[PDB]
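Below you'll find the structure, written out as structure tokens, and then a few comments.
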Amino acid sequence: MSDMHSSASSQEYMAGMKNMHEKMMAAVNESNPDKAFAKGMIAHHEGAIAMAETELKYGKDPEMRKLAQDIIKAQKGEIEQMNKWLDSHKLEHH
Amino acid sequence: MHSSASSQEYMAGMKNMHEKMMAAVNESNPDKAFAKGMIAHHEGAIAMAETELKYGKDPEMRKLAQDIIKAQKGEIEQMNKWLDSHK
């Protein structure tokens with residue numbers, strides 16, 4: 001399915017998308033709703049960054065290229081926030 | 001197929017989203033593929049964030065969900081305006 005594509009850009013947009021979506025779908029089956037959100041949203045953010053990276057490789061529109069840049073920066077930072085929350089949310093408050 | 005009411009709601013719509021996004025990115029124009037694919041992906045994030053506001057009990061993740069909804073909605077508006085101009 002990822003092997004049927006109109007163009008190099010579409011091949012790259014599709015590459016990894018199924019695995020990312022399967023990762024999202026499985027991750028949100030975590031029963032703790034906040035942990036499901038963090039794990040699902042990290043997976044979503046991974047997919048957003050990948051799509052934005054492909055737009056920077058192949059895009060030829062200045063507005064969409066700039067938006068792709070901005071999405072990458074913001075999504076990376078939110079992944080960092082979510083990972084820190086996942087690592088630290090069970091720590092004892094002293 | 002799911003552990004909980006919250007997980008059932010998180011999963012709802014995600015399948016049709018993968019198919020929708022695979023189709024969207026098969027536009028030959030790479031910037032249009034990006035805009036259509038990313039609108040769909042933003043819609044997925046908004047749906048997940050809404051479910052986190054409905055079921056979540058952690059203040060930090062609830063605040064992040066609220067911020068994501070606002071930002072993604074704004075970027076959807078930008079991408080739609082760009083699509084209309086491109087047409």
Which of the following residues is under 11 Å from the mean Cα position of the chain (by Cα) and among the acidic types (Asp, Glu): A:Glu92, A:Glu30, A:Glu78?
A:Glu78
For region B:42-57, give me each residue that is without any contact (Cβ under 8 Å) to a residue 24 or more places away in the chain and within 23 Å of A:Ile72 (Cα to Cα).
B:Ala49, B:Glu50, B:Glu52
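Which one of B:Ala40, B:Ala35 is facing chain A (nearest Cβ under 9 Å), touching a helix residue (DSSP H, G or I) at 6+ places or on another chain (Cβ under 6 Å) and under 20 Å from A:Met20 (Cα atoms)?
B:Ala35
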Any residue that is under 19 Å from A:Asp70 (Cβ atoms) and buried (at least 21 other Cβ atoms within 10 Å of the Cβ) - is there at least one of those in region B:17-28?
no
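For region B:5-24, does any single residue satisfy the condition of being outside any loop (DSSP other than H, G, I, E, B), over 15 Å from the mean Cα position of the chain (by Cα) and basic (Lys, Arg)?
The answer is no, given that none of the residues of region B:5-24 is outside any loop (DSSP other than H, G, I, E, B), over 15 Å from the mean Cα position of the chain (by Cα) and basic (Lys, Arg).
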Cβ-Cβ under 7 Å, sequence separation 6+ or interchain: first residue in region A:58-76 and facing chain B (nearest Cβ under 7 Å) and over 19 Å from A:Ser10 (Cβ atoms), partner assigned to a helix (DSSP H, G or I) and of a type in the set (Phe, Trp, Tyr). Which pairs?
A:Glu63/B:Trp82
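Of the residues A:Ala36, A:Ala43, only one is under 12 Å from the mean Cα position of the chain (by Cα) and either surrounded by 20 or more Cβ atoms within 10 Å (Cβ to Cβ) or in a helix (DSSP H, G or I) (or both); which?
Going through A:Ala36, A:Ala43 in turn, the sole match is A:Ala43.
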What do you reckon, is B:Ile46 closer than 21 Å to A:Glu63 by Cβ, more than 7 Å from every other protein chain (Cβ to nearest Cβ) and of a type in the set (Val, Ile, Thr)?
no
Out of B:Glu9, B:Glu52, report the one residue that is touching a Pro at 6+ places or on another chain (Cβ under 8 Å) and buried (at least 18 other Cβ atoms within 10 Å of the Cβ).
B:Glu52
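Ideal geometry is used to build each Cβ from the backbone, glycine not excepted, and the neighbour counts take in all protein chains shown. None of the figures in this text is laboratory data; all of them are computed from the coordinates on show.
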